[PDB]
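Novice: Sharing query27.cif, mmCIF, C-alpha atoms and all ligand atoms:
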```cif
data_work
loop_
_atom_site.label_atom_id
_atom_site.label_comp_id
_atom_site.auth_asym_id
_atom_site.auth_seq_id
_atom_site.Cartn_x
_atom_site.Cartn_y
_atom_site.Cartn_z
CA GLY A 1 61.09 -164.98 -81.13
CA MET A 2 61.60 -165.44 -84.86
CA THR A 3 60.94 -168.97 -86.11
CA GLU A 4 63.83 -171.36 -85.52
CA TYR A 5 64.44 -174.36 -87.76
CA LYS A 6 66.35 -177.24 -86.19
CA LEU A 7 68.33 -178.94 -88.94
CA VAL A 8 70.46 -182.07 -88.68
CA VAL A 9 73.25 -182.94 -91.12
CA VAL A 10 73.90 -186.70 -91.28
CA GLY A 11 76.11 -188.92 -93.43
CA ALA A 12 79.20 -191.14 -93.44
CA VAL A 13 82.48 -189.72 -92.20
CA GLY A 14 84.36 -187.76 -94.87
CA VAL A 15 81.36 -186.80 -97.02
CA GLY A 16 81.50 -183.09 -96.21
CA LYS A 17 78.99 -182.51 -93.41
CA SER A 18 81.28 -180.05 -91.61
CA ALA A 19 82.48 -178.36 -94.80
CA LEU A 20 78.86 -177.87 -95.87
CA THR A 21 77.79 -176.46 -92.51
CA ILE A 22 80.75 -174.09 -92.23
CA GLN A 23 80.32 -172.95 -95.83
CA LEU A 24 76.68 -172.16 -95.04
CA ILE A 25 77.36 -170.42 -91.72
CA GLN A 26 80.69 -168.69 -92.32
CA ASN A 27 80.98 -168.51 -96.13
CA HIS A 28 84.36 -170.22 -96.41
CA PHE A 29 85.68 -173.69 -97.24
CA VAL A 30 87.54 -175.56 -94.51
CA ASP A 31 89.91 -178.19 -95.95
CA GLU A 32 90.43 -180.01 -92.70
CA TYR A 33 88.06 -180.23 -89.78
CA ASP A 34 88.50 -182.92 -87.12
CA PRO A 35 86.16 -185.73 -88.25
CA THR A 36 85.29 -186.57 -84.63
CA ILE A 37 83.94 -183.15 -83.59
CA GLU A 38 80.16 -182.73 -83.37
CA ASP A 39 78.52 -179.38 -82.59
CA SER A 40 75.59 -177.12 -83.36
CA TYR A 41 75.83 -173.82 -85.25
CA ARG A 42 73.36 -170.95 -85.66
CA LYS A 43 72.74 -168.36 -88.36
CA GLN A 44 70.00 -165.76 -88.82
CA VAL A 45 68.83 -165.74 -92.43
CA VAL A 46 66.05 -164.66 -94.77
CA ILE A 47 64.28 -167.42 -96.68
CA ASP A 48 61.47 -166.45 -99.07
CA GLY A 49 61.01 -163.20 -97.15
CA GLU A 50 60.90 -164.84 -93.73
CA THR A 51 63.53 -163.80 -91.21
CA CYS A 52 64.37 -166.94 -89.27
CA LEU A 53 67.07 -168.79 -87.36
CA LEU A 54 68.79 -171.90 -88.67
CA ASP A 55 69.93 -174.12 -85.80
CA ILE A 56 72.12 -176.80 -87.33
CA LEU A 57 73.59 -179.92 -85.78
CA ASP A 58 76.76 -181.05 -87.53
CA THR A 59 76.79 -184.74 -86.57
CA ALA A 60 79.84 -187.00 -86.41
CA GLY A 61 78.40 -190.46 -85.86
CA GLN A 62 78.46 -192.66 -82.75
CA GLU A 63 77.67 -190.95 -79.46
CA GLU A 64 78.80 -191.77 -75.92
CA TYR A 65 75.28 -193.14 -75.43
CA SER A 66 72.90 -194.19 -78.21
CA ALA A 67 70.25 -192.20 -76.32
CA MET A 68 72.02 -189.02 -77.47
CA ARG A 69 71.58 -190.07 -81.10
CA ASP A 70 67.88 -190.78 -80.55
CA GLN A 71 67.50 -187.46 -78.73
CA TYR A 72 68.79 -185.35 -81.62
CA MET A 73 66.68 -187.26 -84.13
CA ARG A 74 63.52 -186.58 -82.13
CA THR A 75 64.59 -182.95 -81.61
CA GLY A 76 65.59 -182.33 -85.23
CA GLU A 77 62.87 -181.06 -87.57
CA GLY A 78 64.63 -181.73 -90.86
CA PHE A 79 67.60 -183.78 -92.01
CA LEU A 80 70.20 -183.30 -94.71
CA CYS A 81 71.20 -186.80 -95.79
CA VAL A 82 74.65 -186.33 -97.27
CA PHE A 83 76.74 -188.66 -99.42
CA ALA A 84 79.81 -187.94 -101.54
CA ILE A 85 79.58 -188.48 -105.30
CA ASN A 86 82.90 -190.36 -105.26
CA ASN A 87 82.01 -192.57 -102.29
CA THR A 88 79.61 -195.40 -103.17
CA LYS A 89 79.55 -196.70 -99.59
CA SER A 90 78.39 -193.29 -98.33
CA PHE A 91 75.54 -193.42 -100.86
CA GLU A 92 74.59 -196.92 -99.74
CA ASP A 93 74.60 -195.65 -96.14
CA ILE A 94 71.69 -193.34 -97.03
CA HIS A 95 69.26 -196.26 -96.72
CA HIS A 96 70.27 -196.70 -93.08
CA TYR A 97 69.98 -192.99 -92.27
CA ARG A 98 66.56 -192.75 -93.92
CA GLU A 99 65.36 -195.77 -91.97
CA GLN A 100 66.85 -194.88 -88.58
CA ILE A 101 65.52 -191.31 -88.55
CA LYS A 102 61.99 -192.44 -89.47
CA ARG A 103 62.26 -195.20 -86.87
CA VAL A 104 63.33 -192.93 -83.99
CA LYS A 105 60.80 -190.22 -84.82
CA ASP A 106 58.20 -192.96 -85.41
CA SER A 107 57.01 -191.03 -88.44
CA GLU A 108 56.40 -191.62 -92.15
CA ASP A 109 56.66 -187.91 -92.89
CA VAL A 110 60.08 -186.56 -91.93
CA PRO A 111 61.45 -183.55 -93.84
CA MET A 112 64.63 -184.69 -95.59
CA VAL A 113 66.78 -183.63 -98.52
CA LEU A 114 69.20 -185.94 -100.32
CA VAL A 115 72.57 -184.24 -100.80
CA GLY A 116 75.33 -185.38 -103.14
CA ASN A 117 78.42 -183.46 -102.09
CA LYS A 118 81.81 -182.82 -103.76
CA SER A 119 80.22 -182.13 -107.14
CA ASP A 120 83.32 -180.12 -108.06
CA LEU A 121 85.30 -183.35 -108.45
CA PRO A 122 85.19 -185.06 -111.86
CA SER A 123 86.04 -188.27 -109.97
CA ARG A 124 82.66 -189.92 -109.46
CA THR A 125 81.22 -193.33 -108.58
CA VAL A 126 77.62 -192.24 -108.01
CA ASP A 127 75.78 -190.93 -111.07
CA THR A 128 73.16 -188.20 -110.85
CA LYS A 129 70.59 -190.65 -112.25
CA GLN A 130 71.21 -193.15 -109.46
CA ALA A 131 70.70 -190.52 -106.75
CA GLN A 132 67.63 -189.18 -108.56
CA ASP A 133 66.25 -192.73 -108.58
CA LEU A 134 66.69 -192.93 -104.80
CA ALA A 135 65.25 -189.47 -104.15
CA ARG A 136 62.26 -190.33 -106.34
CA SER A 137 61.61 -193.45 -104.25
CA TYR A 138 61.72 -191.37 -101.08
CA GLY A 139 59.68 -188.51 -102.49
CA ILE A 140 62.26 -185.97 -101.34
CA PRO A 141 64.37 -183.34 -103.12
CA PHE A 142 67.89 -184.19 -104.31
CA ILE A 143 70.59 -181.55 -104.72
CA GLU A 144 74.22 -181.94 -105.77
CA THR A 145 76.52 -179.59 -103.88
CA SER A 146 80.09 -178.45 -103.53
CA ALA A 147 81.14 -177.15 -100.13
CA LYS A 148 84.33 -176.09 -101.91
CA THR A 149 82.76 -173.79 -104.52
CA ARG A 150 79.55 -173.21 -102.49
CA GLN A 151 77.42 -174.42 -105.41
CA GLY A 152 74.10 -175.81 -104.15
CA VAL A 153 74.78 -175.05 -100.48
CA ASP A 154 72.10 -172.45 -99.73
CA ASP A 155 69.74 -174.46 -101.93
CA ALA A 156 70.35 -177.57 -99.83
CA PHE A 157 69.61 -175.94 -96.47
CA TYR A 158 66.87 -173.62 -97.75
CA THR A 159 65.09 -176.49 -99.52
CA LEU A 160 65.14 -178.43 -96.25
CA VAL A 161 63.47 -175.49 -94.49
CA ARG A 162 60.83 -175.35 -97.23
CA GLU A 163 60.22 -179.08 -96.69
CA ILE A 164 59.74 -178.40 -92.98
CA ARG A 165 57.20 -175.68 -93.77
CA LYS A 166 55.24 -178.05 -96.03
CA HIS A 167 55.20 -180.60 -93.20
CA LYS A 168 54.03 -178.05 -90.62
CA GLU A 169 51.07 -176.83 -92.68
CA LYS A 170 49.33 -180.22 -92.70
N1 LIG B 1 86.68 -181.29 -103.31
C1 LIG B 1 85.79 -181.20 -102.30
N2 LIG B 1 86.19 -181.62 -101.07
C2 LIG B 1 85.34 -181.55 -100.02
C3 LIG B 1 83.99 -181.02 -100.20
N3 LIG B 1 83.39 -181.08 -98.99
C4 LIG B 1 84.28 -181.60 -98.12
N4 LIG B 1 85.45 -181.87 -98.73
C5 LIG B 1 86.67 -182.46 -98.15
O1 LIG B 1 86.38 -183.78 -97.69
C6 LIG B 1 87.07 -184.03 -96.47
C7 LIG B 1 86.06 -184.34 -95.37
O2 LIG B 1 85.16 -183.24 -95.23
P1 LIG B 1 84.37 -183.06 -93.84
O3 LIG B 1 83.52 -181.81 -93.86
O4 LIG B 1 85.32 -183.10 -92.67
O5 LIG B 1 83.43 -184.36 -93.90
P2 LIG B 1 82.51 -184.81 -92.68
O6 LIG B 1 83.24 -185.79 -91.79
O7 LIG B 1 81.27 -185.46 -93.24
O8 LIG B 1 82.13 -183.56 -91.95
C8 LIG B 1 87.83 -182.77 -96.13
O9 LIG B 1 89.18 -182.91 -96.58
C9 LIG B 1 87.16 -181.68 -96.94
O10 LIG B 1 88.08 -180.65 -97.30
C10 LIG B 1 83.63 -180.59 -101.57
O11 LIG B 1 82.50 -180.12 -101.82
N5 LIG B 1 84.56 -180.70 -102.53
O1 LIG B 2 78.33 -180.94 -78.09
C1 LIG B 2 78.67 -182.04 -78.50
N1 LIG B 2 77.73 -183.01 -79.05
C2 LIG B 2 76.28 -182.83 -79.14
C3 LIG B 2 75.40 -183.99 -79.19
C4 LIG B 2 73.93 -183.83 -79.27
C5 LIG B 2 73.32 -182.40 -79.29
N2 LIG B 2 72.02 -181.96 -79.35
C6 LIG B 2 72.04 -180.58 -79.34
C7 LIG B 2 70.84 -179.66 -79.38
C8 LIG B 2 70.69 -179.00 -80.72
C9 LIG B 2 71.14 -177.73 -81.08
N3 LIG B 2 70.80 -177.51 -82.40
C10 LIG B 2 70.13 -178.64 -82.87
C11 LIG B 2 69.51 -178.99 -84.24
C12 LIG B 2 68.86 -180.30 -84.43
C13 LIG B 2 68.79 -181.26 -83.34
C14 LIG B 2 69.38 -180.93 -82.03
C15 LIG B 2 70.06 -179.56 -81.83
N4 LIG B 2 73.36 -180.17 -79.26
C16 LIG B 2 74.15 -181.30 -79.23
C17 LIG B 2 75.68 -181.47 -79.15
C18 LIG B 2 80.14 -182.41 -78.46
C19 LIG B 2 80.56 -182.68 -77.05
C20 LIG B 2 81.83 -181.92 -76.86
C21 LIG B 2 81.78 -180.84 -77.88
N5 LIG B 2 81.04 -181.38 -78.99
MG MG B 3 82.67 -183.39 -89.50
#
```
Turn this file's structure into structure tokens for me.
Specialist:
Amino acid sequence: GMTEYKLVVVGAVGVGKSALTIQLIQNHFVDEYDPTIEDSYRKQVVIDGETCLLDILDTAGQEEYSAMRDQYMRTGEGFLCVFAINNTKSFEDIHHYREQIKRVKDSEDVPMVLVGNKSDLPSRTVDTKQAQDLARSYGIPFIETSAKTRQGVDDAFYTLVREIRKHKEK
């Protein structure tokens, strides 16, 4: 089978995890998607000449059992850590996501990309510099996106795949 990349989108409720995933998979912006729904989506794509499958888990937070959370973190190869540029709390939550994923996988080298969503809004509480400062400390890429206009979306997911490749080659 073609190579499959298991990607996990995490982040506080309302940041745009679902909008981002649906924009990537289906090429349209969904204004309203039930915040409590969590599912996986698939799309066959070509990244740097490689035909591959993206298998993406659109997370929604607490699970029936915490074991389910741990299971998808061990299963996931790469993680989009999403905050919204007008939601400071969501940006502060990144610390917890970074920590928890590393903790569950028991690894210091987990492919991640920092994603600042809703870049189409002039309303902003989190400056680019402040997110760059965090990304720098993590040694991971940072990309500002808009699920609304699609700006940065392919870049976000494709960069995460490229981070997975760099991890695999070690
Ligand atoms: N303006 C703007 N709104 C967005 C963007 N992404 C998501 N939203 C809106 O933010 C709200 C929550 O998005 P959603 O995908 O459900 O967030 P999630 O809970 O993290 O999946 C919805 O009303 C979306 O329409 C974006 O890039 N720009
Ligand atoms: O399916 C759900 N949740 C859920 C929870 C954990 C899951 N793990 C997987 C396996 C998977 C598919 N693609 C992935 C990419 C990264 C990590 C895990 C997966 N599906 C999952 C679906 C809920 C229940 C009713 C309908 N939505
Ligand atoms: Mg959602």
Novice: Please identify the residues whose atoms come within 12 Å of ligand MG 3 (chain B), using only C-alpha atoms and all ligand atoms, and report them as a PyMOL selection string.
Specialist: chain A and resi 9-22+30-40+57-61+82
Novice: Expressed in Å to a single decimal, how great is the separation between atom CA of residue 105 of chain A and atom CA of residue 74 of chain A?
Specialist: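 Those two atoms sit 5.3 Å apart.
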Novice: Quick check, in Å to one decimal: how far apart do atom CA of residue 41 of chain A and atom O3 of ligand LIG 1 (chain B) lie?
Specialist: 14.0 Å
Novice: Just the number, please: distance in Å from atom CA of residue 98 of chain A to atom CA of residue 170 of chain A, one decimal.
Specialist: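 Value for the atom CA of residue 98 of chain A-atom CA of residue 170 of chain A distance: 21.3 Å.
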Novice: In terms of the shortest atom-to-atom distance over only C-alpha atoms, which of A:108, A:80, A:89, A:168 is closest to residue 144 of chain A?
Specialist: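 Of A:108, A:80, A:89, A:168, the one nearest residue 144 of chain A is A:80, counting only C-alpha atoms.
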Novice: Select, from A:24, A:104, A:67, A:94, the residue with the minimum atom-to-atom distance to ligand LIG 2 (chain B), counting all atoms listed in the file.
Specialist: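 Under the stated criterion, the closest residue is A:67.
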